[PDB]
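Going down the list, the protein sequences come from chains A and R. The first sequence begins at 4 in the UniProt record's numbering and counts up by one. The second sequence begins at 4 in the UniProt record's numbering and counts up by one. Here the structure comes first, spelled out in structure tokens, and everything after it is commentary.
Protein chains: 2
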Amino acid sequence: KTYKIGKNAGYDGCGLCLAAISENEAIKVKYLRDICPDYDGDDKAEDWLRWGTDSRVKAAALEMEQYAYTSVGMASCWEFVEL
Amino acid sequence: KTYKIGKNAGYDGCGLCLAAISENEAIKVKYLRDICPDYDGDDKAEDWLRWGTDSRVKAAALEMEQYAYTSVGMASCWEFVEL
């Protein structure tokens, strides 16, 4: 599933990210490379097997989930794809 | 075919663009949205059917072609893909 990333959502190019989704749009994104500065992968979906249970990723997701449906995925050309 | 975009090549994120290619690298990119400010598409490959014969696009391409192999394509995630 694919969702447009708005212009005030924190977009910063391609990368694995969390997204908050509301009314068919990703209204906030948070990149794995910012949540976890020690992340050194090449943005492969399989990287979430390693990083998805990181306490920093869990904390970032819980903060967004208070307010909107949240999921792990990948950002590319202003679109968020759910993984 | 896909080429890494160089660091001083004019990269500005995602979008339809012309690229000059040298030694398996895109050493200059010029975005359609900058060449033609009236372009208002969603960076679909088919958009080049409308815009590829615009006189501003032909002029930008010929300028680069003087010095390097040039093609129309799409820039995303620091790579250029030929169309």
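Where is the CB? At the ideal position from N, CA and C, for every residue including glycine.
The beta carbon of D43 of chain A is closer than 8 Å to none in its chain, skipping five residues each way along the sequence.
Rounded to the nearest whole angstrom, the CA to CA distance from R53 of chain R to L21 of chain R is 15 Å.
At a cut-off of 8 Å between C-beta atoms, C80 of chain A counts as an interface residue with respect to chain R. In the displayed model, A64 of chain R falls within a helix according to three-state DSSP. Of the candidates R:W51, R:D57, R:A23 and R:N27, the residue whose Cα lies closest to the Cα of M67 of chain R is R:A23. When DSSP states are grouped into helix, strand and coil, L86 of chain A belongs to the coil group. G16 of chain A reaches chain R at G16 and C80, counting residues in chain order whose Cβ is nearer than 7 Å. Within the same chain, Cβ atoms closer than 7 Å to the Cβ of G13 of chain A are found at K31, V32 and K33, the five residues on either side in sequence being excluded. The beta carbon of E28 of chain R sits closer than 7 Å to the beta carbons of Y6, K7 and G9 from its chain, once the five residues preceding and following it are set aside; these are given in chain order. Residues of the region 43-54 of chain R with a Cβ closer than 8 Å to any Cβ of chain A, in chain order: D46.
By the beta-carbon neighbour count (other beta carbons within 10 angstroms, threshold 16), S58 of chain A is exposed.
Within the DSSP bridge table, the entry for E28 of chain R names R:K7 and R:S25 as partners. Using a Cβ distance threshold of 8 Å, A78 of chain R and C17 of chain R count as a contacting pair.
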